[PDB]
Colleague: 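For reference, the structure I am asking about is given below.
In what follows, every chain begins at residue 1, and chains take the letters A, B, ... in the order their sequences are listed. Quick note: numbers below take in every heavy atom, side chains included, and nothing from hydrogens, waters or symmetry partners.
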Amino acid sequence: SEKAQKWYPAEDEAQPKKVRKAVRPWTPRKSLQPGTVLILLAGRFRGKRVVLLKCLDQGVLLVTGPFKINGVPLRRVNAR
RNA sequence: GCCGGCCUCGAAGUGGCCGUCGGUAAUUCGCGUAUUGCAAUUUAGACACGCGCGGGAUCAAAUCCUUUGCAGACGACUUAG
Ligand SMILES: [Mg+2]
Ligand SMILES: [Mg+2]
């Protein structure tokens, strides 16, 4: 499917050069361990104390305050 | 906290004990919270002020004008109507 294009630009589009910015895993703080009780500083559940379950890829955390203990469900938050 | 008796509070009007009426985890629980989607002021208060509801209360003055001369450049002022 390397056919001729239906349209051609007025002048050749400049391509960007290679960036050399490899993606490397985020390293969470030593205090972010599973089961740690954390206070939510912002968002809908600001001021709520929830339980950390897992650390996600790019500074995101999976937490749940026990929904029957406080009305926080399973939720993603930001480690910051 | 809400309203009611009262009793005392004059440096620029204060607090109280006596009652009503409400709400109230000191302990332990049972249901609800989710979807504001990974943060985005937590629009939440008391000072007002201007209003409209629908009532109570109340039914006033001032100036011009004329007049006086204890006054006066004109205003103003002292009077009287
Ligand atoms: Mg009671
Ligand atoms: Mg004279």
Side-chain angles (χ1 to χ4, degrees):
Chain A
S1 297
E2 302 315 317
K3 292 170 278 190
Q5 320 171 17
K6 288 185 172 184
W7 311 115
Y8 286 83
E11 60 209 11
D12 313 76
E13 187 158 284
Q15 297 329 329
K17 49 209 304 167
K18 292 325 145 282
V19 185
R20 320 229 288 238
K21 300 285 170 189
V23 171
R24 277 182 285 283
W26 159 61
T27 59
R29 317 188 288 273
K30 293 179 179 179
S31 34
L32 296 170
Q33 311 299 321
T36 300
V37 171
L38 261 56
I39 301 156
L40 300 193
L41 300 175
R44 207 238 273 249
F45 302 104
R46 65 184 76 81
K48 285 277 166 64
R49 297 155 167 137
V50 298
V51 187
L52 177 62
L53 300 184
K54 201 183 173 75
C55 296
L56 309 187
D57 44 311
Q58 287 173 81
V60 191
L61 308 169
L62 173 71
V63 303
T64 182
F67 185 83
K68 289 287 294 183
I69 292 207
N70 49 52
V72 189
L74 283 157
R75 212 166 181 279
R76 288 185 305 187
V77 300
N78 197 291
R80 286 305 181 177

Colleague: In terms of base orientation, is B/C65 syn or anti, with the syn window spanning 90° either side of 0?
Modeller: anti
Colleague: Please state the P separation for the pair B/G56 and B/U42 - nearest whole angstrom.
Modeller: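 My reading of the P atoms in B/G56 and B/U42 gives 49 Å.
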Colleague: Using a 90° cut-off around 0 for syn, call B/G5 syn or anti.
Modeller: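 Syn, since the glycosidic angle lies within 90° of 0.
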Colleague: Given atom CD1 of A/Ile69 and atom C1' of B/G30, what is their separation to the nearest angstrom?
Modeller: 14 Å
Colleague: Side chain of A/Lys68 only, heavy atoms from C-beta on: which candidate in B/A34, B/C31, B/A39 is closest?
Modeller: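 Within the option list, the nearest is B/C31.
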Colleague: In this structure, how many angstroms lie between the P atom of B/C38 and the CG atom of A/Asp57, rounded?
Modeller: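 Those two atoms, CG and P, are 12 Å apart.
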Colleague: Applying a cutoff of 5.5 Å on centroid distance plus 30° on plane angle, are these adjacent nucleotides, B/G75 and B/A76, stacked?
Modeller: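 Yes: the six-membered rings of B/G75 and B/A76 sit under 5.5 Å apart with planes under 30°.
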Colleague: Going by a 90° cut-off around 0, is B/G75 syn or anti?
Modeller: syn
Colleague: The sugar of B/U42: north or south, by the sign of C1'-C2'-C3'-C4'?
Modeller: south
Colleague: Note down whether B/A46 puckers north or south, where north is a positive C1'-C2'-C3'-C4' and south a negative one.
Modeller: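 A south sugar, the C1'-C2'-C3'-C4' torsion of B/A46 being less than zero.
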Colleague: Given the cut-offs of 5.5 Å for six-ring centres and 30° for planes, are B/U35 and B/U36 stacked?
Modeller: no
Colleague: In whole angstroms, how far is the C1' atom of B/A40 from the CZ atom of A/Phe45?
Modeller: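 So the CZ-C1' distance, A/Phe45 to B/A40, works out to 17 Å.
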Colleague: If the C1' atom of B/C70 is compared with that of B/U78, how far apart are they to the nearest Å?
Modeller: 6 Å
Colleague: Rounding to an integer number of angstrom, what distance separates B/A71 and B/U79 when you compare their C1' atoms?
Modeller: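 Each nucleotide's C1' atom is 11 Å from the other's.
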Colleague: Could you tell me whether B/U67 and B/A80 make a Watson-Crick or G-U wobble pair, using a cut-off of under 3.5 Å for both distances?
Modeller: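 Result no; criteria under 3.5 Å not both met.
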Colleague: If a pair means Watson-Crick or G-U wobble with both distances below 3.5 Å, are B/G30 and B/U41 one?
Modeller: no
Colleague: Under the rule that ring centres be under 5.5 Å apart and planes under 30 degrees, are B/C53 and B/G54 stacked?
Modeller: no
Colleague: Once you round to the nearest 0.5 Å, how far does SG of A/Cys55 lie from CG of A/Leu62?
Modeller: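 Going from SG on A/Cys55 over to CG on A/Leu62, the span is 9.5 Å.
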Colleague: Map A/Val77 and A/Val72 onto RNA chain B by nearest heavy atom, then report which one ends up closer to the 5' terminus.
Modeller: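 Its nearest nucleotide being more 5', the pick is A/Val72.
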Colleague: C1' atom, B/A44 versus B/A61: distance in rounded Å?
Modeller: 47 Å
Colleague: Looking at B/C38, I'd like to know if its phosphate oxygens (OP1 or OP2) sit under 4.0 Å from a side-chain N or O belonging to A/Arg44.
Modeller: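 Looking at the OP1 and OP2 atoms of B/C38, neither is under 4.0 Å from any side-chain N or O of A/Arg44.
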Colleague: Between B/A34 and B/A39, how far apart are the two P atoms, rounded to whole Å?
Modeller: 15 Å
Colleague: Could you measure the distance from the CZ atom of A/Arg20 to the NZ atom of A/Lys17? Nearest 0.5 Å is fine.
Modeller: 10.0 Å
Colleague: B/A40 and B/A39, neighbours in the strand: six-membered ring centres under 5.5 Å and planes under 30°?
Modeller: yes
Colleague: Just the rounded figure in Å: distance from P of B/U42 to CG of A/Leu41.
Modeller: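 Answer to the nearest Å: 12 Å.
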Colleague: Around A/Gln5, counting heavy atoms of other residues, nucleotides and ligands shown, do more than 12 lie under 6.0 Å from its CD?
Modeller: yes
Colleague: Which nucleotide, in any strand shown, forms a Watson-Crick or G-U wobble pair with B/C18, with both distances under 3.5 Å?
Modeller: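 Here B/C18 is engaged in a pair, and the nucleotide opposite it is B/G4.
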Colleague: May I ask whether B/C21 and B/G1 form a pair, defined as Watson-Crick or G-U wobble with both distances under 3.5 Å?
Modeller: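 When the criterion is applied, B/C21 and B/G1 count as a base pair.
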Colleague: North or south for the sugar of B/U24? Use the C1'-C2'-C3'-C4' sign convention, positive meaning north.
Modeller: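 The B/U24 sugar sits on the north side, the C3'-endo region.
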Colleague: Would you kindly give the CZ-to-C1' distance between A/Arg46 and B/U43, to the nearest whole Å?
Modeller: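 It works out to 12 Å between those atoms.
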Colleague: For B/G81 and B/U66, do both pairing distances fall under 3.5 Å in a Watson-Crick or G-U wobble arrangement?
Modeller: no
Colleague: Quick check on RNA chain B: between A/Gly71 and A/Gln58, whose nearest nucleotide comes earlier from the 5' end?
Modeller: A/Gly71
Colleague: When you look at CD of A/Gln33, are more than 12 heavy atoms from neighbouring residues, nucleotides or ligands closer to it than 6.0 Å?
Modeller: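 Result for CD/A/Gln33: enclosed.
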Colleague: Using every non-hydrogen atom in the two residues, find where A/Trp26 and A/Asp57 come nearest and quote the distance to one decimal.
Modeller: CB-O, 3.2 Å
Colleague: Given that B/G37 and B/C38 are neighbours in the strand, would their base rings pass a stacking test of centres under 5.5 angstrom and planes under 30 degrees?
Modeller: no
Colleague: How far apart are the C-alpha atoms of A/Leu53 and A/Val63, what are their side-chain angles, what is the distance that settles it, and do they pass the side chain to side chain contact (heavy atoms under 4.5 Å, CB included) test?
Modeller: CA-CA 5 Å; A/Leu53 300 184; A/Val63 303; 5.8 Å; no
Colleague: Whole Å only: how far is the CG atom of A/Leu52 from the P atom of B/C38?
Modeller: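 The answer, rounded to whole Å, is 16 Å.
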Colleague: Taking the chi torsion of B/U35, is it syn (within 90° of 0) or anti (everything else)?
Modeller: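 Base orientation: anti.
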Colleague: Has A/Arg76 got a side-chain N or O lying under 4.0 Å from the OP1 or OP2 atom of B/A34?
Modeller: no
Colleague: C1'-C2'-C3'-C4' for B/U35: north (positive) or south (negative)?
Modeller: south
Colleague: Can you check B/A61 for me, syn or anti if syn means within 90° of 0?
Modeller: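 The base of B/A61 is oriented anti (glycosidic angle more than 90° from 0).
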Colleague: Which of these nucleotides, B/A34, B/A39, B/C38, is closest to any side-chain atom of A/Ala42?
Modeller: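 It is B/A39.
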Colleague: Once rounded to the nearest 0.5 Å, what's the spacing between atom CZ of A/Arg49 and atom CD1 of A/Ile69?
Modeller: 12.5 Å
Colleague: Based on the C1'-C2'-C3'-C4' torsion angle, does the furanose ring of B/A12 adopt a north or a south pucker?
Modeller: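 Pucker of B/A12: south.
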Colleague: Can you measure A/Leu40 atom CG to B/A40 atom P for me and round it to whole angstrom units?
Modeller: 11 Å
Colleague: For A/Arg75, report the nucleic acid contact type (base, sugar-phosphate, nothing); a contact means any heavy atom under 4.0 Å.
Modeller: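 Since only primed, P, OP1 and OP2 atoms lie under 4.0 Å of A/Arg75, the category is sugar-phosphate.
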Colleague: Whole Å only: how far is the CG atom of A/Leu74 from the P atom of B/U33?
Modeller: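 Answer to the nearest Å: 14 Å.
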Colleague: Roughly how many Å apart are B/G22 and B/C3, using the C1' atom of each and rounding to a whole number?
Modeller: 11 Å
Colleague: Between B/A62 and B/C77, how far apart are the two P atoms, rounded to whole Å?
Modeller: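 B/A62 and B/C77 have their P atoms separated by 14 Å.
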Colleague: Drop me the distance from A/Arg76's CZ to A/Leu56's CG, to the nearest 0.5 angstrom.
Modeller: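 Taking CZ in A/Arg76 and CG in A/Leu56, the distance rounds to 7.5 Å.
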Colleague: Roughly how many Å apart are B/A25 and B/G30, using the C1' atom of each and rounding to a whole number?
Modeller: 15 Å
Colleague: Taking atom OG1 of A/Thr36 and atom CG of A/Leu52, what is their separation to the nearest 0.5 Å?
Modeller: 6.0 Å
